[PDB]
């Protein structure tokens, strides 16, 4: 493949004074953009949800729930606190085959309605990045969507790498 290069981290803001306890709970993925994310009219991406649970030791247990082949699929991972509040690395990285690097940065959030989170990983020596627009509900405003599109474009993503998953009711309620 050919991939749009990951942006330097200097183009990716960090939420100031990030509050780990307030970021906990369920978030819906209302927007998704990345260098391996592709818009698809034939079968448009369904919304999924991600649950953040703050463990005793201040890492997150992170569970994603997706409706796929008539069933609920669960993906679990551990985000370990990084150099600053709002940054994380992936726990137990040796148990993910091909994975040499995984970085999470919370870009912005108001905790009770929305968040943007930046992800970067190196897998099979290929550098992938994505931005998730999270909502506490399945809908967000035009203003928040446009902010997410503007930000995604500042990182070099064109429109067809920016998707808005369609709301569903299976699995994620």
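Positions refer to the first chain, counted from 1.
Enquirer: Comparing 21-29 with 154-162, which stretch shows the greater average C-alpha B-factor in the deposited entry?
Expert: For C-alpha atoms only, the mean B-factor is higher in 154-162.
Enquirer: Look over 37-45 and 126-134 in the entry and identify the one with the greater average Cα temperature factor.
Expert: Stretch with the greater average CA B-factor: 37-45.
Enquirer: Per the entry, which of 51, 66, 54, 116 tops the list for Cα B factor?
Expert: Most elevated C-alpha B-factor of the set, per the entry: 54.
Enquirer: So where's residue 142 on the chain's Cα temperature factor ranking, which third?
Expert: Highest third, going by the recorded CA B-factors of the chain.
Enquirer: With respect to C-alpha B-factor, does residue 88 fall in the lowest, middle or highest third of the chain as deposited?
Expert: Middle third, going by the recorded CA B-factors of the chain.
Enquirer: Name the third of the chain's ranked CA B-factors that contains residue 109, choosing lowest, middle or highest.
Expert: As the PDB entry reports it, the C-alpha B-factor of residue 109 lands in the lowest third of its chain.
Enquirer: Lowest, middle or highest third: which one holds residue 74 when the chain's residues are ordered by CA B-factor from the entry?
Expert: Within its chain, residue 74 is a lowest-third residue by C-alpha B-factor, going by the deposited values.
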